[PDB]
Structure formats: C-alpha cells, structure tokens
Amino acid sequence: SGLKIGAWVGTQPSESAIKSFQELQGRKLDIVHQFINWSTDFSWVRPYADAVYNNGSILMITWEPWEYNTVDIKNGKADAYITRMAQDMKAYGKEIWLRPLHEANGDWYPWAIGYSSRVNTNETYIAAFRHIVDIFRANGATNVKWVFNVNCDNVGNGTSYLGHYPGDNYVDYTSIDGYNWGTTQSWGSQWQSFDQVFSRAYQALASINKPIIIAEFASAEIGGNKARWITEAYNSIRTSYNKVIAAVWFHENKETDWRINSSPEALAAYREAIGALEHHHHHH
C-alpha cells in the first residue's frame, strides 16, 4: 500500500489534537489538514506545523483568500503577503502541501468561478494561481507542493472541473472534496455512496498526469449505513481510484456529525478499513 491517510481532526492540529485522533483511529496520520485565510501569517501556523512534522506527518494547508478575489490576486494586490508567506515557508523547509483558491467550481467562496459577484473567470483564476506559484518559486520555496482542487460537483454558473486548471507546470497534485450528506440537508440531499460522490470529478482529473488527493471526504449517519459506506469507500479507493495517493477525512461534529466515531459501528468500520493499508514505520 502506498495510500496515505490524513485528517482534519476537528480542531487546529495541536500535538494533543493529533494524538487524540490517532488514538481514536488506531493509526498514525500521514497527513494533517489545517485551514487558514489570507490574513494568517506563517508565524501563527508555525507551532502547528511543528506539531505535525514532529509527529512524522505532512501538513496540508487550505489557504482561503476571503481577503482577495482572483482579480485582486492576479493584479498583484496581495503580493507582499504572498511573498512573505513564501519566504517563511522556504525557511521552514519541510514539505508542505498548499491548497490555495479551493473549490472554485462551486458558488460559495468569493474567489470561485460560480460566485455571484461574477468577478472570477477561468482566466482570472488561472492567472491568480500561476502568480502565486511564480512568487513561491522566485523565493525558493520548492518544498511547497501545489494542490489544485475541485468540489465533487460543479455548482453555479460557469463552473467545470478543468476550465480553471492552471496547467501541469503549476500543479503537483490535483484533489477532490466531497461529502455524503445522507438525507440531512433541507434542500433535499440524498444518500450517495463514495463512488456516486466522487466518480465524475475523478474521471475528469484522471485525464491529467498528476497524482490525486481526496482532500476532504466524510459521510453522515442519516439516510443509510455509514459503516458500510466507509468500508465501501476505502475498497473503492483501492480498486477503482488508483490514481488517488491520499485520503483525508473531515472529522468534525459542529453541524452534521462527520466524525469517524459518529457511532460505534462507523468507528469500527473506519479502523478496519485503514488497517488493510500497509504499516509505514516512521523515524526522523
């Protein structure tokens, strides 16, 4: 097995939070996920990065530009902030997976192509993403790996899996986010298997010669059997999604109970599923 296992552990990934989640799933994390905005300096990330790297994991950062849309970023309005982040990440030196401008084929983020301001187009998005990558490269931050992302579904006008793809020269990994909402959402959500959630986006990304990360996935309990969903998800990943190199759960219970331990059955299924994956002994 090469498949790496990751999580957002429900809170910022302090040493204690990482340990708690590892105790729960019964396995060391390969990847730990954290979310920041474009007001966050790397000095704030620093203590969390140290916890993740000390643990023997890679940090995946989703870097959310609430502060700057794709026009602002492509035009250079954020460049001082970008430059400092690049400099700080270069100096830190460890491998970091960075996911800027994510889910841009939805309509809920102000940088997304589907967003109703109509400011973001394929062209502004591509220019923005390339501009970020260029600044990081100019500052030597080759330890930062670039993660392109799509939502499992295209939501909003003008959205597509690949129209905003910035090119192989600017991308190290592609990625998908997707959730089985079960029957939990009033807008009429339905139970969907992992394959139902992810297949379409995977088919699209599989046409690009980059490895694929399932950067966020989880299932609700309501409307079906979440334990079976988990078992089937990992089996699908192994058998039918062989370009996927990492699976990163979204473990949280603020609204929908996405947690791996939303019930005893789900937890047992999760532990059993990841236990099929080869043990990777870690040492620094």
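Residues carry their position along the shown sequence, with the first being 1.
Here the stretch with the larger average CA B-factor, out of 121-129 and 196-204, is 196-204. The mean Cα B-factor in the deposited entry runs higher for 237-245 than for the other of 237-245 and 47-55. Within the selection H33, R27, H251, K254, the deposited Cα B-factor values reach their highest point at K254. Sorting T142, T83, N75, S175 by the CA temperature factor given in the entry leaves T142 at the top. Placement of the Cα temperature factor of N151 within the chain: lowest third of the modelled residues, per the deposited record. The deposited CA B-factor of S219 belongs to the middle third of values across its chain. Sorting the modelled residues of the chain by their CA temperature factor places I61 in the lowest third.
Ranked against the other modelled residues of its chain, the C-alpha B-factor of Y179 as given in the entry falls in the middle third. Placement of the Cα temperature factor of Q87 within the chain: middle third of the modelled residues, per the deposited record.
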